[PDB]
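Understanding the architecture of this molecule
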Amino acid sequence: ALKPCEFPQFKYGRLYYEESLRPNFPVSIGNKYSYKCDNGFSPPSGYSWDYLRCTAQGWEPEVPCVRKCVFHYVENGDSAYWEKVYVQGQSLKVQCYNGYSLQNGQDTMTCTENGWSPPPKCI
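As recorded by the PDB entry, the protein carries the name COMPLEMENT FACTOR H and is attributed to Mus musculus.

Before going further, it helps to examine the side chain of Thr 55. Relative to the assigned elements, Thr 55 resides in strand β4 (residues 50-55). A polar atom in the side chain of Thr 55 sits 3.0 Å from the backbone nitrogen of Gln 57. In this structure, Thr 55 is in contact with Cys 5, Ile 29 and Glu 60, ignoring residues within four places of it in sequence.

Take the nonpolar core next. Most often, soluble globular proteins have nonpolar side chains that are buried together. The biggest cluster of nonpolar side chains holds 15 residues, and the ones touching the most others in it are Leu 15, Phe 25, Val 27, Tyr 33, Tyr 35 and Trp 59. For this core, the elements supplying multiple residues, two or more each, are β2 (32-37) and β4. Top element by residues in this core is β2. It accounts for 3 residues.

Criteria and thresholds
- Residues numbered from 1 in each chain as written, not as in the entry; some residues may be left out.
- Heavy atoms only, no water.
- Helix = DSSP H or I, 4+ residues; strand = E, 2+ residues; numbered from the N terminus.
- Polar contact = N/O pair within 3.5 Å; in protein donor to acceptor, adjacent residues only side chain to side chain.
- Contact = heavy atoms within 4.5 Å.
- Core = buried A, V, L, I, M, F, W, Y, C linked by side-chain atoms within 4.5 Å.
- Buried < 20%, exposed > 50% of the residue type's maximum accessible area, 1.4 Å probe, protein only.

Quick look at the structure:
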């Protein structure tokens, strides 16, 4: 069987069980391995862990761990009741109060490589 996927090493995270598994590589298309990301980062799905999949295009995702932005508290705005995870590239509309705003027309925040932009502070 073809074994085209080498031991996956990527930024801001790692496979679980890296030492029981590293010698098993390379592996075949269809195999998958659980992984986690560093604090402040997340799989694109926004879950606490996810699968790295050996595909015909190599490992997917290409960038397994991306910036994580948590939505919860908004100063002078509407806060949520529990922490909602967002990932790099996602955006939401924040509800500001009493003539305060995020100063970007639509009161939208985007999860960027360096966190929320602008921050969840209505001014």
